[PDB]
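Report on one structure; see the data block that follows.
Don't worry about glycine lacking a Cβ; one is built from the backbone with ideal geometry, like all the others, and counts go over all protein chains shown. Bear in mind that the values in this text are calculations on the coordinates, not laboratory data.
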Amino acid sequence: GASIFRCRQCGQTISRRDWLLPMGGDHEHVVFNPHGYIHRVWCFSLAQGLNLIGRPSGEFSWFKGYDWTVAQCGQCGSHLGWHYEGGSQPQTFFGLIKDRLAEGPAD
Ligand SMILES: O=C1CC[C@H](NC(=O)c2ccccc2C(=O)O)C(=O)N1
Ligand SMILES: [Zn+2]
């Protein structure tokens, strides 16, 4: 039972442990926004249940080569992280904020 990652606010299924993706040799990145707020971000190859908000941006990306878009939970609107695109190996992935996910057993 790969564990399941749900939205912490509502419980919607978002991703799974077996979809964790090492970027830079690690699937966990401790990063901060340009205001100096820390986020602990886990990278996933795939995710479901998310809505993308806005257009992609290249500014301030944590991951070289990728442009990003805000990702919210499609059920409750919680800001769960970001979708990345435009790169290679992989072309796209998700960076999700660990503390906004709740990891647990399958249904
Ligand atoms: O790779 C990326 C994804 C997006 C991310 N930006 C933010 O985290 C951001 C920017 C301005 C204000 C707040 C935030 C935030 O979501 O915490 C950033 O700095 N890098
Ligand atoms: Zn939610």
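Applying a DSSP loop filter and a limit of 10 other Cβ atoms within 10 Å to the chymotrypsin sites (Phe, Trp or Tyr not before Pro) in the range 9-79 leaves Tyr37, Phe60. Arranged from fewest to most other beta-carbon atoms within 10 Å of their beta carbon, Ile97, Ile38, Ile53 become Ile38, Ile53, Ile97.
Computed over the range 22-107, the alpha-carbon pair-distance distribution with 5 angstrom bins reads 3, 14, 25, 28, 20, 8, 2, 0, each value a whole percent. With pairing defined as another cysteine C-beta under 4.7 Å, the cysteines of the chain that fail it are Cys43.
If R0 is 30 Å, the Cβ-Cβ spacing of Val30 and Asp107 corresponds to a FRET efficiency of close to 0.50.
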